[PDB]
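A.B. asks: The structure is given below, and queries will be raised subsequently.
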Amino acid sequence: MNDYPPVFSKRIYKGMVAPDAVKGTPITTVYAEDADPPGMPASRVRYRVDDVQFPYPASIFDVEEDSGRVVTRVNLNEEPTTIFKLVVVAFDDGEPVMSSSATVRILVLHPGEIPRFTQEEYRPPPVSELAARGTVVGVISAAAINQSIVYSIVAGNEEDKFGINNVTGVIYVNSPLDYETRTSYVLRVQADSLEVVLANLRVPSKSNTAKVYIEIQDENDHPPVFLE
Ligand SMILES: [Ca+2]
Ligand SMILES: [Ca+2]
Ligand SMILES: [Ca+2]
């Protein structure tokens, strides 16, 4: 019998593509498996696009039948920041032939317009534990072609001990620091292009994320002695 359909690994895939991408530019691979006995038609999954609800994405993208790679059907000329919903259907060679669908949300964006930091690690001089709010700690720097850069701290600042000026990329002291509580931090930072920020999006990659090693400088204050 053939009584199990293909089941996509994910319900919604993501993927990027340049706005001027040539024909057959690879975007992403989708994937689905079939629970019927292996080696047979019933569990032999082919991939196809669909144009019921989203015919235009289907007009410019296509999925390969056997590999599952999503690619450009045409040399494209679409506008940046756009998001398309391409609908992919995986179907078996069974009897009766079963299937299931899934969505590939594709982002139209240039790779070269994603920012690049000046360093992957920033090691600024050690900040006094008694430093006041607003005391500058260090500064981070990132370029991108035809792009102004918004900076953000994305991880490692769980204590809200730091803030960053989201435009100058200047990291500063937000809460008061205690050396005895914690002697060092490592922030994950992220430069995103302004055009991207405006479309309510973030696009991380190796070159638009960097680390900041902050070192706390001990002064004579009241040491915490015991806790609980
Ligand atoms: Ca099947
Ligand atoms: Ca202290
Ligand atoms: Ca101290």
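Sequential numbering from 1, following the chain as shown.
How was it done? The header gives X-ray crystallography, 3.3 Å.
Any Cβ shown, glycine's included, is placed from N, Cα and C.
Below, the features straight out of Swiss-Prot:
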type	residues	note
DOMAIN	9-117	domain 'Cadherin 9'
DOMAIN	119-226	domain 'Cadherin 10'
CARBOHYD	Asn146	N-linked glycosylation site
CARBOHYD	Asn166	N-linked glycosylation site
A.B. asks: Test of understanding: give the count of other CB atoms lying within 10 angstroms of the CB of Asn146 (N-linked glycosylation site).
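C.D. replies: So the Cβ neighbour count for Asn146 (N-linked glycosylation site) comes to 9.
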A.B. asks: Which residues, sitting 6 or more apart from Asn166 (N-linked glycosylation site) on the same chain, put a CB under 8 Å from its CB?
C.D. replies: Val150, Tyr151, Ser152
A.B. asks: Which of the three DSSP-derived classes (helix, strand, coil) applies to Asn166 (N-linked glycosylation site)?
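C.D. replies: Going by the DSSP assignment, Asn166 (N-linked glycosylation site) belongs to neither helix nor strand, so it counts as coil.
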A.B. asks: Name the secondary structure element type, per DSSP in three states, that contains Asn146 (N-linked glycosylation site).
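C.D. replies: Reduced to three states, the DSSP call for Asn146 (N-linked glycosylation site) is coil.
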A.B. asks: Using DSSP, break the domain 'Cadherin 10' (119-226) down into helix, strand and coil residues and give each count.
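C.D. replies: Secondary-structure breakdown of the domain 'Cadherin 10' (119-226): 5 helix, 43 strand, 60 coil.
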